[PDB]
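The next block holds one structure in the form of structure tokens; read it before the comments.
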Ligand SMILES: [Zn+2]
Ligand SMILES: [Zn+2]
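So, in structure tokens, the structure goes:
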């Protein structure tokens with residue numbers, strides 16, 4: 001998967017707004033929180049337009065592996 005170069009708990013309020021583009025706050029394009037973790041993403045980047053409705057649940061790439069019996 002992708003890798004990280006930097007990051008820290010400081011900047012955007014609770015609502016986690018992150019995307020490949022590089023947005024940290026509501027720019028203007030509709031977004032949706034990942035039912036899995038709870039991160040707002042660009043409904044467009046993910047591949048969705050206002051035209052169609054929103055998916056009951058949307059999981060991110062990080063969740064794909066996050067989801068598990070892993071107690072720790
Ligand atoms: Zn984006
Ligand atoms: Zn997620």
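Residue numbers (the deposited numbering): 1 to 72.
Idealized CB from N, CA, C, for every residue including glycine.
Can you pull the DSSP bridge partners for residue 16? The count along the chain shown starts at 1 and reaches residue 16 at position 16. Looking at the DSSP assignment, residue 16 forms a beta bridge with 39.
Looking at the secondary structure, which residues open and close the beta strand (DSSP E) in which residue 54 lies? As a working mapping, residue 54 is identified with position 54 in the chain shown. Segment: none, residue 54 is in no beta strand (DSSP E) and carries neither H nor E.
Please classify residue 40: is it buried, with 16 or more other beta-carbons within 10 angstroms of its beta-carbon, or exposed? In the chain shown, counting from the first residue as 1, residue 40 sits at position 40. Per the 10 Å Cβ criterion, buried.
Sequence-ordered residues whose beta carbon comes within less than 5 angstroms of a heavy atom of ligand 1: 19, 21, 42 and 45
Nearest-angstrom Cα separation, counted from residue 70 out to residue 16: For the purposes of this step, residue 16 is identified with residue 16 of the chain shown, where counting begins at 1. For the purposes of this step, residue 70 is identified with residue 70 of the chain shown, where counting begins at 1. Their backbone Cα atoms lie some 23 angstroms apart in a straight line.
Distance, Cα to Cα, residue 55 vs residue 47? In the chain shown, the residue the question calls residue 55 occupies position 55. In the chain shown, the residue the question calls residue 47 occupies position 47. So the alpha carbons of these two residues sit roughly 11 angstroms apart.
For the alpha helix (DSSP H) containing residue 63, name the first residue and the last one. Looking up residue 63 in the chain shown gives position 63. First-last of the alpha helix (DSSP H) with residue 63: 61-66.
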